[PDB]
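**Q** just the first chains of my complex for now:
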Amino acid sequence: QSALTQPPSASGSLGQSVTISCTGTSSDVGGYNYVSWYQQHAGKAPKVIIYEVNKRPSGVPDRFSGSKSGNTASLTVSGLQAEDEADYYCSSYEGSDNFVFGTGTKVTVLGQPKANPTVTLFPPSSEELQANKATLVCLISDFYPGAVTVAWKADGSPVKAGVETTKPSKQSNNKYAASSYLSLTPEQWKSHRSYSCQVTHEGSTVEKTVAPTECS
């Protein structure tokens, strides 16, 4: 219902400011002074970062900004944080206990430094065994470009079964995690000498080997 209109993208680079518009109307946007800007870090709570026009709530930084001119409002983000990557929404009052919500934004700070994952393999759980199971997890974390890619290996040859592997996810910082998991029978654990969780990201390969050996 004539959503307010927004820009489907808005790249910036650490320290650089940015500005997203939100085209409105004489009736939605230049009719009152009730434009809210919402965040949307992603797969989360919306979060309001500006209301009633140019009003920066309790605990947002000195750097978020809004100003409207005519039936157009806009959001400005000086010196780009690194977590400002999120989707951005405008919402305006439009008379009658009601509001309109012109779509997202999702900018991208760019020139984000790359990390390679901190692979961490994990042997099966005393408990798990005491249970007759055996899962091996391989946690991948603290990497940027969130296109990892992984393989298991049993004593130096592949294993193409019982291996679910999730998909990257942002993580409080601005690196992503992904766990790799492989399901085995206690017997199969003891049958082979080691298992390596082999992972390659942005060229780099990193392989961590775990052996049925310590306790558990």
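**A** Looks like it came in fine. Numbering: from 1, shown residues only, chains lettered A, B, ... in the order given.
**Q** for chain A, list the residue farthest from the centre, please.
**A** For chain A, the residue at maximal distance from the C-alpha centroid (CA atoms, centre = their mean) is residue A:191, at 38.7 Å.
**Q** how about the residue nearest the centre of chain A, what does it touch?
**A** Most central in chain A under CA atoms, centre = their mean is residue A:170, positioned 2.7 Å from the mean C-alpha point. By CB atoms under 8 Å, 6 or more residues apart in numbering, the residues touching residue A:170 are A:41, A:42, A:85, A:146, A:176. All C-beta atoms are positioned from the backbone trio N, CA, C, and that covers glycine.
**Q** quickly list what it is bridged to.
**A** In this entry, residue A:170 is beta-bridged to residue A:176, by DSSP bridges.
**Q** so what's the residue nearest to residue A:211 when sequence neighbours are not counted up against?
**A** Spatial nearest neighbour of residue A:211, excluding adjacent residues (CB to CB, 6 or more residues apart in numbering): residue A:194 at 4.5 Å. Taking CB under 8 Å, 6+ apart as the criterion, residue A:194 is in contact with A:154, A:155, A:209, A:210, A:211.
**Q** show me which of the residues you listed is closest to residue A:99.
**A** Nearest to residue A:99 among the contacts of residue A:194 is residue A:210, at 53.8 Å by CB to CB.
**Q** please name the residues that touch residue A:48.
**A** Taking CB under 8 Å, 6+ apart, we find residue A:48 in contact with A:36, A:37, A:38, A:39, A:57.
**Q** who wins for most neighbours among those?
**A** Within these, neighbour counts (other CB atoms under 10 Å) peak at residue A:37, which reaches 28 neighbours.
**Q** can you tell me the closest non-neighbouring residue to that one?
**A** Nearest residue to residue A:37 in three dimensions, chain neighbours excluded: residue A:50, at 4.1 Å (CB to CB, 6+ apart).
**Q** isn't that neighbour right up against residue A:67?
**A** No: taking contacts as CB atoms under 8 Å, residue A:50 lies outside contact range of residue A:67: 10.3 Å.
**Q** ok, these two, which is more surrounded?
**A** Ranked by neighbour count (other CB under 10 Å), residue A:50 and residue A:67 place residue A:50 first, with 22 against 13.
**Q** how close does that one get to residue A:112?
**A** Distance, residue A:50 to residue A:112, using CB to CB, to the nearest Å: 24 Å.
**Q** before we move on, the earlier item: name the nearest of the contacts of residue A:194 relative to residue A:26.
**A** residue A:210 (65.7 Å).
**Q** tell me how far the closest one lies from residue A:201.
**A** Counting by CB to CB, the gap from residue A:210 to residue A:201 is 19 Å.
**Q** go ahead and place chain B:
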Amino acid sequence: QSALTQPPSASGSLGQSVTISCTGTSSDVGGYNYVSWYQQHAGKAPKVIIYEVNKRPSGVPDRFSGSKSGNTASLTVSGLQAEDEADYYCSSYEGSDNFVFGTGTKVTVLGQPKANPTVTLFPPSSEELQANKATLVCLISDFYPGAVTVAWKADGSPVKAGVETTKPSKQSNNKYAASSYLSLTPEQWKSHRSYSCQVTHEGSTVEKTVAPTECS
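**A** Putting chain B onto the chains we already have gives this:
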């Protein structure tokens, strides 16, 4: 400034009626008599489905209904509709400078069987323990609507300082799984008595405990 809580994932048959709750911290949370719900669709903008409590705003069909039995607000859907699939958010109202959005519910139309998680916790490997490293891993897998909540306790008290959870992914058999992780120092691991990974999902919540041990 946070703290409005919602069931992770709520499921329905297609024709059935659902309910999503929203609770808080008292002398406002709900006491708050505002509380409006927002339906949010894949990559569409949150729209506003209910406001000021039980007040539908009118492009909106009448199955939507709202309420509060005190400290907790309720949104219920009647005659589940296919496009009723989505994420759903309760908004509460703060110091005029502070609109408060609760965690959002995922309504799914059950397209296969309901499956609660399988929670599996792994302590820190001796290796990691040697590298003056120390991480807990909480693997959560094989479950219906791909929504779950993750909480960690150190000796029974909540611990929220060093934790990352991976939104869930379809595995290769249509159920999902996610994992969370807590990174501490070995010291910090050797100090508590036990660590707990609690997972919540549709009527049930599993909690597992790991303890420290030399295993050597």
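**Q** what do you get for the contacts of residue A:194 once chain B is counted?
**A** Listed by CB atoms under 8 Å, 6 or more residues apart in numbering or on different chains, the contact set of residue A:194 reads A:154, A:155, A:209, A:210, A:211.
**Q** surely the first one and residue A:198 touch.
**A** No: when contacts are counted by CB under 8 Å, residue A:154 is not listed as touching residue A:198 (11.3 Å).
**Q** those two: which is more packed in?
**A** Legend: neighbour count by other CB atoms under 10 Å in any protein chain shown for residue A:154 and residue A:198, higher for residue A:198 (20 against 16).
**Q** how about that one, phi and psi?
**A** Per-residue torsions, residue A:198: phi -100, psi 120 (degrees, to the nearest 10).
**Q** likewise for residue A:143?
**A** Main-chain torsions, residue A:143, degrees, to the nearest 10: phi -120, psi 160.
**Q** again, but for the one 10 residues further on
**A** Summarising the backbone geometry of residue A:153 under the convention degrees, to the nearest 10, its torsions are phi -150, psi 140.
**Q** how many neighbours does it have?
**A** For residue A:153, the count of nearby residues is 16 (other CB under 10 Å).
**Q** how about chain A: which residue is closest to chain B?
**A** Relative to chain B, the nearest point of chain A is residue A:215 (2.7 Å; CB to the nearest CB).
**Q** assign a three-state SS to that residue, would you?
**A** When classified by DSSP: H, G, I helix; E, B strand; the rest coil, residue A:215 comes out as coil.
**Q** looking at it, it is touching residue A:126, isn't it?
**A** Yes: between residue A:215 and residue A:126 there is a contact under CB under 8 Å: 7.2 Å.
**Q** shared neighbours, those two?
**A** residue B:215.
**Q** who's more crowded, these two?
**A** Under the criterion of other CB under 10 Å, the comparison of residue A:215 against residue A:126 puts residue A:126 first, with 16 against 10.
**Q** residues near the nearest residue to the more buried one once chain neighbours are set aside, how many?
**A** Nearest residue to residue A:126, sequence neighbours excluded (CB to CB, 6 or more residues apart in numbering or on different chains): residue A:216, at 4.2 Å. Residue A:216 has 19 neighbours, counted by other CB under 10 Å.
**Q** list the contacts for residue A:216?
**A** By CB under 8 Å, 6+ apart, residue A:216 lies in contact with A:123, A:124, A:125, A:126, A:129, B:215.
**Q** so which of the residues you listed comes closest to residue B:162?
**A** Nearest member of the contacts of residue A:216 to residue B:162, counting by CB to CB, is residue A:125, at 20.4 Å.
**Q** surely the closest one meets residue B:121?
**A** Yes: between residue A:125 and residue B:121 there is a contact under CB under 8 Å: 6.8 Å.
**Q** okay, and the common contacts of these two?
**A** Common neighbours of residue A:125 and residue B:121, counting by CB under 8 Å, 6+ apart, are residue B:210.
**Q** cool, thanks, signing off.
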